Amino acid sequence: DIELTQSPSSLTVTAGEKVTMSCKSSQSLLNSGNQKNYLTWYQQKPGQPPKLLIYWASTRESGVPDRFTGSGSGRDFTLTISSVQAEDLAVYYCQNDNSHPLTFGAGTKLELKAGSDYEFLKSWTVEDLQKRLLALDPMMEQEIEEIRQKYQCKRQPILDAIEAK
């Protein structure tokens, strides 16, 4: 079974900083037939599915700016953001897409430095800013519903015992 190790687990970044992410595979991801690396990088914003970012280790997907570079081969892979932007704040996952079972790294999380939001957002228009303000509500709502569901589980045994009387 192929193990993917992503390092570091988390990264606190200021705007414009260069960002380097590591994905190490226990076995080679070099495909027998075409000799490409079947290594795929995803970017995940909260409340959203992972979104495909780079495939075959180094081919950018549609819409992905050249800020991003995937590199490396066989077992040691790197995702590089030359100049991090607010829209880049996310969790980055690498995936073995070469042999079953398909497996994923644990993810490298990018987070803005506390107090730094103004510099990240200084070029954002009010339209852009409202959109980012409205996107927060589904994430909050999804997190609250995990609570409701957690406490429904905690209630059932007590309810089951009470009804057993």
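Note that residue numbering begins at 1 and tracks the sequence as displayed.
Note on 123-131 vs 93-101: mean CA B-factor is higher in 123-131. Here 135-143 and 34-42 are compared by their mean Cα B-factor, and 135-143 comes out higher.
Sort the chain's modelled residues by C-alpha temperature factor and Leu79 lands in the lowest third, per the entry. The deposited CA B-factor of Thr59 belongs to the lowest third of values across its chain.
In the PDB entry, a CA B factor belonging to the lowest third of its chain's modelled residues is recorded for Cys23.
When the modelled residues of the chain are ordered by C-alpha B-factor, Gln149 sits in the middle third.
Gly47: CA B factor in the highest third of modelled residues in this chain (values from the PDB entry).
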